[PDB]
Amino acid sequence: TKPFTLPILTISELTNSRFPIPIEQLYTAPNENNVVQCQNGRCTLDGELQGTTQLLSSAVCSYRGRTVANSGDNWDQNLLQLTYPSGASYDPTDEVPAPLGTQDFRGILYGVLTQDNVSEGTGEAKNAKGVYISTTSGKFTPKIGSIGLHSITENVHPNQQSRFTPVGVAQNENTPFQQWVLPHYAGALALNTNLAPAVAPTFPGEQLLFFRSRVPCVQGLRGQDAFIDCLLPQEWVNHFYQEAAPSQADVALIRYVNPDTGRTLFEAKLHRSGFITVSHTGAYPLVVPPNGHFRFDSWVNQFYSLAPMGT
């Protein structure tokens, strides 16, 4: 059978699968009261995409569609009638939680809407509209094919083909950014459907290992970081999709190796459903050498005891 492999990519050559920015570090922590059930960056080791996961970083937290006016509303002054980010038509009966790439965190997404081009004489960046897309709005119903746009800078024109380019998140006085609380993809109208399952270490002494990025925060979190943590980088998702190598067990043993020295820094379990655990207790940011990378070692027995990750 086709052997399973990982791409050979260092920490600085990986992209967050939940927001279009580079991975900055590996980070482990206990779940505590978080339900870890993100919908972007979900893929099995044999290449089955799940949740709202698709292949392009440029589609993650991006939206496309046609605007419609939303009169009588001080927050969502317009709505965006959605397609898939590819431009392909979207049907709410599609077996997805929401259009692929839809944000998978509760709170406010900030970015720029672009629409019909305007003349040079109209002025600077007049076809760039700063907007908030809040999941706590009753208009956040991407499953049903529509989201609310709250304008901050420049007027959004109704009735134009429009693209939303994400820039970061925001926290206002009553809308905390909660990366592990899923949106209600159908708002008040229906329960979420078609979800990739929640994940947890169930193994003694183990914790999830995350690929961590700091997302820009355009309002709030002064002196704090808006972290977004993914289970797989986009490049791993895409690799597994390409390869479709059959999984020979529940767990692939993987090792973080330094090719300069030839040494293994630590080992981890890569689970068939597409997530990583390490042997460690406590919240801990890993320090890895710049040229280091994970490599597939072997398929292991499900009760395999990892060498402690350590400091």
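Residue positions are given as counts along the sequence shown, with the first one as 1.
Taking the mean C-alpha B-factor of each stretch as recorded, 219 to 227 and 132 to 140 are not equal, and the higher mean is that of 219 to 227. As recorded in the PDB entry, 197 to 205 is the stretch of 166 to 174 and 197 to 205 with the greater mean C-alpha temperature factor. Of the candidates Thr67, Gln39, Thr264, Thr44, the one whose C-alpha carries the top B factor in the deposited record is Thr264. Ranking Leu109, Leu232, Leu189, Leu80 by the C-alpha B-factor listed in the PDB entry places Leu189 at the top. Compared with the other modelled residues of the chain, the Cα B-factor recorded for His150 ranks in the lowest third. Among the modelled residues of its chain, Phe19 has a C-alpha B-factor that falls in the lowest third according to the deposited record. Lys126 sits in the middle third of its chain by CA B factor, as recorded in the PDB entry. In the PDB entry, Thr114 places in the lowest third of its chain by CA B-factor.
The entry lists a Cα temperature factor for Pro158 that places it in the highest third of the chain's modelled residues.
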